[PDB]
Amino acid sequence: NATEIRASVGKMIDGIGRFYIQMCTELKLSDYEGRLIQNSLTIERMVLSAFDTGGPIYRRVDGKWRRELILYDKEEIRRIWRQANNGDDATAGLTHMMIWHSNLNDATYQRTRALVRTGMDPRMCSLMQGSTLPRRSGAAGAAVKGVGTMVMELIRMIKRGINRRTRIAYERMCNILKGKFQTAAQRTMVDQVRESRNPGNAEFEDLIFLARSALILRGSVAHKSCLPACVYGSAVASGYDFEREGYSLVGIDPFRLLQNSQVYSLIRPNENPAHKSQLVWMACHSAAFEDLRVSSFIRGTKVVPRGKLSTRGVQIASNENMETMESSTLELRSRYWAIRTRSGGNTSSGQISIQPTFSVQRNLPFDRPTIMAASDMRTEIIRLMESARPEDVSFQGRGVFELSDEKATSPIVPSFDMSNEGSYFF
């Protein structure tokens, strides 16, 4: 059903576009100045703030870039927003930029200070997908969250409490949690946790376990390709009428859109442009915890690790100066594309006999034992954990698609026998 899903999300994309265009028309920015991921960001945040203000706005004068510090009627912003969405709220829309920010933050920064202070191992990076993502995020906003993300929450919710309506949260927060797991025990052990009203260190210690189980027996976490407002604004302005032509966040749509985007970015004096583009590109698909090998494969070019990356962050701090500041054109094109997945990969009182109702060749079942016959769920997992090898192939048969292959017709299988450059962005 490509009607609602493909076109309703198109309508949410149109809103962001239209709005970005309106908002650019207010600031009286130029074309080059509306394509500046910097300014786009500021605008996006102005809005999410107002629906839950001012910001840094960079201008282009003969030669050099001028930063303007401006403020807007928090309500005016809310007004212009609905105007674009037909006077609707389009929470989806705000939530969308709510993620674009997330996915950018999960790649620009490493959130160790918080994991440890929670009592999670800093090496649990690949499980903190969407830790920055405000709770206000929607229902399809949390689905993007990593297993580890959920744990940091409950643990704090629990840690301060164990140190009214708050209950329905906890159970649900676990149900979601549990819905991340895709194996018997995993699933069952989550329940054993959700049993305690005042879950103390008993739970505190157990979920942390399950956190680590996901490092091996991963869960289902959705990835959403959420591009900057400018990209959608520019697209809308170019005629693309997504609600009519359909759009996706996990298909070929987002890559294709980025195949023509003209996004520019402010770049500090000693920073590497190629390195800058990489960053943004990884935020456009939630590839901050992906295997660098595959990221580079699909990317088309080296996807260098965070440490070796030359850049501190895309936003410009009030500290810096404009004199020594210039801007480059971000390389967001990719070689192939791939279905952004959700899956993490993987490798009595009852009846005892069957009463036959039809005449067919059928082995008739009965439980030989029970008839003639007259522990720690951790263990289960630890035992599963074990048989697991890092070489264990996932998404068997799934491949990569050419950018011409609009339909999911012909898949391509990558062979990594190659002089790679690592697998852990962090």
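- Structure determination for the deposited model, as stated in its record, used cryo-EM, and the stated resolution is 12.00 Å.

Let's talk about the overall build of the protein
Then comes step 1: Each helix and strand counted, the protein has 18 helices and four strands in total.
Then comes step 2: With the C-alpha coordinates aligned to their principal axes, the bounding extent of the protein is approximately 95 × 55 × 50 Å.

Let's talk about helix α1 (residues 4–27)
Then comes step 1: A rise of 1.5 Å per residue sets the reference length of α1, with its 24 residues, at 34 Å; its end C-alpha atoms lie 34 Å apart and thus fit the reference within 8%.
Then comes step 2: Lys28 sits one or two positions beyond α1 and adopts a positive phi of about 55 degrees.

Concerning the pairing of strand β1 (residues 54–60)
Then comes step 1: Note that β1 and strand β2 (residues 65–71) share seven bridges and pair antiparallel. Note on β2: the bridge partner recorded for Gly54 is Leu71.
Then comes step 2: Taking the residues between adjacent antiparallel strands as the criterion, β1 and β2 are bridged by four residues, where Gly63 takes a positive phi near 95 degrees.

Section: unusual backbone geometry
Then comes step 1: One non-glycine residue, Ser349, lies in the positive phi region at around 60 degrees.
Then comes step 2: Inspection of the secondary structure puts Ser349 in the loop between β4 (326–329) and α17 (368–372).

Thresholds applied
Residues numbered from 1 in each chain as written, not as in the entry; some residues may be left out. Heavy atoms only, no water. Residues with missing side-chain atoms left out of burial classes, pairs and counts. Helix = DSSP H or I, 4+ residues; strand = E, 2+ residues; numbered from the N terminus. Expected span 1.5 Å × (residues − 1). Pairing = 2+ DSSP bridges.

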